[PDB]
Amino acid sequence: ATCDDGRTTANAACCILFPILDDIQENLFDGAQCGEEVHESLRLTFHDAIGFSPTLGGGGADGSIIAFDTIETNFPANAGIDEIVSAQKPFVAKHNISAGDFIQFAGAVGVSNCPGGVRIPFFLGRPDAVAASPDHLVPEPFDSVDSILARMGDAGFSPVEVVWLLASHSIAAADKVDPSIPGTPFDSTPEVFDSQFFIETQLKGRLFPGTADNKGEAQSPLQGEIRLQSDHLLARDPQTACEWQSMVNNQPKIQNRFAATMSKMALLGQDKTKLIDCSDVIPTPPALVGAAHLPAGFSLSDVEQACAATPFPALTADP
């Protein structure tokens, strides 16, 4: 199909997304860059979608975190999310798509700006949200592995899928874990969707980048990087450590599994067969530039290897 401005897409219903794409690329993503608002928009896709429990309710990827922002943004696990919700709200008001569609569209567009990134499958047509998520549905960085895997499993994700989703932490920072050092990233390349997060979380912790007693924080290996306790444990626990290590210097697996599992997450509470595939509106991501490495001065002895079956791969260090 050909849209009014000459751009093409498989289904004509998708044409409405093109002015939305251009607006968010400039005005939410700072000119199609992989910066703060991409990272916050990607976090928003998960905090919207994981509000989904067969027992307790919540409609999953339904825009509830925007439609019922007064309730959801005050949940403790949603600390700091009000900023991206307030930034996205005027776009939803101006354009003619539902909040649930907008949150997943913005997350997919954002990720596509990141070198190494992927085009997350995107489907159009979610109805407006009809309930707020229950509290206590979003995993917290001081939750146990058992807790996190039980919560994610309740929403439909296996332990390997949790690891795959956490490739998101390769383009991510924290503002509320240690409020003395807001904006501190989880890996050394927060504007590159790469395996550095899976490498750097496996290094021996050395320091606290800000203060020393924050709930849900573990020691980091690097000044200028922050480590969550949940990531420390997921990299080391016998249920997940082998999958975690399998991501290291495995860019094709990171890409393939993150895209597939993000699509599953973006469809929680929805029926793909009732929606329209508009995946081809999402931009082509740039390539990695771009090689997996240990930080300068580090060696393989600094890796806390946690997979009994497979030795950690031999990486080189930056000079």
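One rule holds for the numbers: they count along the sequence shown, beginning at 1.
- Here the stretch with the larger average CA B-factor, out of 159-167 and 173-181, is 173-181.
- Just going by the entry, 142-150 versus 204-212 on mean CA temperature factor gives the higher value to 204-212.
- The entry assigns its greatest Cα B factor, within the set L294, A260, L267, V38, to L294.
- Across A235, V92, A108, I84, the greatest Cα temperature factor reported in the deposited entry is at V92.
- When the modelled residues of the chain are ordered by their C-alpha B factor, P221 lands in the middle third.
- Ranked by C-alpha B-factor against the other modelled residues of its chain, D48 falls in the lowest third.
- In the deposited entry, the Cα temperature factor of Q229 places it in the lowest third of its chain's modelled residues.
- When the modelled residues of the chain are ordered by C-alpha B-factor, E26 sits in the middle third.
- In the PDB entry, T189 places in the lowest third of its chain by CA B-factor.
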